[PDB]
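Have a look at the structure below before the remarks.
Number of protein chains: 4
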Amino acid sequence: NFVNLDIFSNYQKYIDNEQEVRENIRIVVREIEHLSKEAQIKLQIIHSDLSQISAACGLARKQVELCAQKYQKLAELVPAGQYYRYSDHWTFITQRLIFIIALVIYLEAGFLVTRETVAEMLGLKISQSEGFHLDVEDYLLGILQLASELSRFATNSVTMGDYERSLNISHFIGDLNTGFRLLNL
Amino acid sequence: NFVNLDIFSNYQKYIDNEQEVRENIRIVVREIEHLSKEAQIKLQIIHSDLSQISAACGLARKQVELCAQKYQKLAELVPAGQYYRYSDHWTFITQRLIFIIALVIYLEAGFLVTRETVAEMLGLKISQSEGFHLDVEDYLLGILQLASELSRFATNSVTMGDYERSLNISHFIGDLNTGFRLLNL
Amino acid sequence: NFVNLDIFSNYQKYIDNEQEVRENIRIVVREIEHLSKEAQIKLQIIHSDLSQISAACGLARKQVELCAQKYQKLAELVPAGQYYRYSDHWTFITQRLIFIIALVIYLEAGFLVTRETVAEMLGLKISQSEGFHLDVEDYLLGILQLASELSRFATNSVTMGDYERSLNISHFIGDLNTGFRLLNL
Amino acid sequence: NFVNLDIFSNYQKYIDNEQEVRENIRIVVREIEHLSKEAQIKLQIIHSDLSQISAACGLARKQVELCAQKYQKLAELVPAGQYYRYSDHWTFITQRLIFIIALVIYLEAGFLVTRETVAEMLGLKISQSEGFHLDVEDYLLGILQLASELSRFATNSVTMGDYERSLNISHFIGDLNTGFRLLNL
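Residue numbers (PDB author numbering), protein chains in the order written: chain A, 3 to 187; chain B, 3 to 187; chain C, 3 to 187; chain D, 3 to 187.
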C-alpha cells in the first residue's frame, strides 16, 4: 500500500520552473498592457474633440512601436513550439493592439488594415512557422472591436455635428458587416 | 452517533413541491419566450426593408398583448411576497419585451417609452407593492438593448440609403447616451 | 424625436438609494464574514491535533453568537418582503455558519443538528413569514459542506492513528449519504 | 473609404478548413468519451458490491486499450507542433482516463501508478518532444480525482462493513495528501 514521494518531489521541480516561465511572461505582458492602455486611453478623445484626432493618432502610433519591442522580450521568452500553451496571456493584449492600430489607420487614411501590416508593425511573424506570430483569430477579433468602436464614433460624430463624417463611418461599418456576413456565427 | 432520517424525509416534501412550483413557472415563461421570440424575429426586417416597418410593428404589437395575458397566469402563480425568489426566470424574457415595445414606439412615434406605459401595456404593476410588478432594472436594461439595436439600425439605414433617418437615430442614441451618463458604471 | 431626461434623472434618485441600501448590507455581512472566518480558521486544528477539539469548539461557539447579533442589524436593514432581492449577499456566509455549527455539534455530541436549532442559535426565524429566516436550501448546503469536511477528517483521523473515531465518522457520513440519496441530483 | 472583401474571402478559406480540423478532432474524442464513460460507469460497482471489483477492473482494463487506439487516429490528426492549440478537446477525457487507470491499479495492486505507465498504457509519449504526449498537469489532475474517489470508497467500504480495507484506503489517501502538500495551492 505505498505512495512513492519521489514521483511527487520530482514534479515539484517541473512545477517550480513552470511557475517561473509563466511568471516572466506575466511580467512582460504586464507592461504591454500598461503601454497599450494609454494609447487607448488617449484615442478616447476622438469622441469629444475632433481636432485632436491627429495628435491622438501620433501618440498611439508611438506606443505601438514602443511595444513592438516588448513583443520581443516576450518573443524569445516562449520556448520550442509552445505558443499555444501560453498564448492565453497575450490574447486580450494582442487584440487591443490590432484594434488600436486598425482605428489609427482608419482615422489616418480611411480604410481597413491588413493583418500583414499589423504584423510588420508589431514586428510579428505572418504565420505560425517563421516564428512568434500574430494569430488570425486575434486579428479578426481586433477588427470586431473596431466595428463596435466606430459605431460609438458615428453617434458621437453626429452630436458634435460632423454629419457627413458620420455617414462615412456608416458606409464603412456596413462594409465590415458584409465582410463578416461572408464568414460565420 | 445518529442521523435522523426524518429531518431528511420531511425535506423531500418541501423539495417535491418546490420542484413543482418552479415547474409551472418554467412552463408559462416557456410560452412567453416563444411568443416574444417571434415578434422579435419579425421586427428583424427593418434592417433589410424599410417599407415593412409598419406591418412588423403591427405584429409585435399583437404579440405584446397576446402575452400580457401570460404574465397573468404567471402572475397568480407566484406566491406571497416571493417575486425575487423566482424573478430569475422572467428576467431575460421581461427584458426582451421592454426592448421590443421600446423599439416599436420609437419606430411608430419616434421617442422613448415610459416604464409606466410598458407596465400598462404588459398589464403589470408600476411598483413592488400593488402586485406583480415590472422591475426598474429590467426596464433600464431593455432600453440598453434598444440603444444597441438602433446603432445597428442606423448603419443598415445608410446602406439602404435613407441617410437622414440614419441621422435621426443618431440624435436619439446620443440622447440615451446622455440619459445614461446621468447614471453609473 | 425626443428623450425626456427626467425619466432618467428620476431614476438616479432610486439608484442612489439602492446603492446605499445594498451598501449597508455589504458592510454588516462584511463583519459576519470576518467573525465566522476565524471560527472556521480555528476549527481547523481538529485535523492536526485531537486534544484541541474542545477549545476549538468553545471558540466557534463564542463567535457563533457574537454574530447572531450581526444577523440583527442585517435583520432590520432588509425591507418589506424583500429578503430574496438581496439574499445573494448572505448566502455563502449563512452557509458557512450552518456548516460550522453543524461541525461543532457533531464533534461535541456526535449527531446531526436540526435546522430549528441553527435557527435559534443564530436568532433567525424558522420560516419565511415570522421574519428574517434561515433558508432551507442554505441549511441543506451547509450540511453538504459538513459531509465533505468530515471525509477529510476521517482521513486525517487515521494518520494521527485514532482508527476507531475514523470509523465513526464513516458510519455518520454514510448516514448523510443515505439521507441525501433520499432527495435528488 | 474602402474595405477590400478579399482580405475577408481569403479568411473564409482558412476558417473553412479550421472548422474541419476542429471537427475530426471533435469526432474521435467523441468515441473516446463514449468508451471511457462505460469503463467508468462499470467501476461504479465497487461501492455497492466488493466481489465485483475483479471483473470491473478486467473491463476497465479492456476499454483502456480499446481506446489507446483512438488516441492514435487523434494522434496523427493533430498537426505540426500544435497540441496546445486543440488540447482543450482531450483534456477532460484524458483526465478521466488517468483517473480510471489509477483506480484500477490501486484496486488491483494497491499503489500509485506512474505517469510513464499511464503513458505506455494509452500509447502516449512521455514528453512533449517525441510526439503526442501525456500532459503532466492532466496526470496530476487525474490523481486528484482518484483521491476524491477513494474517499467516497472508504466511506462506502465501512457501510458494507469491510472496516479494515477502509483503513487502508485512508492510509493511502493521507499519503497522496502529503504528496500534494509537497506541491501548491
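The beta-carbon is built from N, C-alpha and C at its ideal position, and this holds for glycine as well.
Per-residue burial, residue i [other beta carbons within 10 Å of its own, 16 or more giving buried]
i	result
residue 157 of chain A	buried
residue 98 of chain D	buried
residue 62 of chain A	buried
residue 117 of chain B	buried
residue 58 of chain A	buried
residue 144 of chain A	buried
residue 94 of chain C	exposed
residue 185 of chain B	exposed
residue 72 of chain D	buried
residue 181 of chain A	buried
residue 119 of chain C	exposed
residue 108 of chain A	buried
residue 45 of chain A	buried
residue 100 of chain A	buried
residue 199 of chain B	Nothing about residue 199 of chain B can be reported from this structure: the residues present for chain B run from 3 to 187 only.
Limits of the alpha helix (DSSP H) - the one that residue i falls within
i	result
residue 60 of chain B	55-68
residue 173 of chain A	165-183
residue 101 of chain B	94-111
residue 116 of chain D	Note, residue 116 of chain D: premise wrong, no alpha helix (DSSP H); not H, not E.
residue 34 of chain D	7-44
residue 77 of chain D	72-79
For residue j and residue i, the rounded distance between their alpha carbons
i	j	result
residue 148 of chain B	residue 102 of chain B	8 Å
residue 111 of chain A	residue 14 of chain D	26 Å
residue 48 of chain C	residue 24 of chain C	37 Å
residue 174 of chain C	residue 175 of chain D	19 Å
residue 75 of chain D	residue 123 of chain A	40 Å
residue 70 of chain B	residue 56 of chain B	21 Å
residue 135 of chain C	residue 86 of chain C	11 Å
residue 20 of chain D	residue 138 of chain A	11 Å
residue 164 of chain B	residue 172 of chain A	12 Å
residue 88 of chain C	residue 30 of chain C	13 Å
residue 105 of chain A	residue 126 of chain A	19 Å
residue 159 of chain A	residue 167 of chain A	7 Å
residue 121 of chain A	residue 91 of chain D	29 Å
residue 60 of chain B	residue 40 of chain B	13 Å
residue 151 of chain A	residue 65 of chain B	34 Å
residue 11 of chain B	residue 130 of chain B	36 Å
residue 128 of chain C	residue 187 of chain D	39 Å
residue 16 of chain B	residue 32 of chain C	31 Å
residue 50 of chain D	residue 42 of chain C	34 Å
residue 162 of chain B	residue 54 of chain B	13 Å
residue 96 of chain A	residue 133 of chain A	16 Å
residue 22 of chain C	residue 146 of chain B	23 Å
residue 18 of chain D	residue 18 of chain C	51 Å
As assigned by DSSP and simplified to three states, the class of residue i
i	result
residue 135 of chain B	strand
Beta-carbon proximity check, residue i vs residue j, cutoff 9 Å
i	j	result
residue 5 of chain B	residue 177 of chain C	yes
residue 154 of chain A	residue 153 of chain B	yes
residue 83 of chain C	residue 82 of chain B	yes
residue 3 of chain A	residue 179 of chain D	no
residue 34 of chain A	residue 79 of chain A	no
residue 9 of chain D	residue 114 of chain A	yes
residue 7 of chain A	residue 37 of chain A	no
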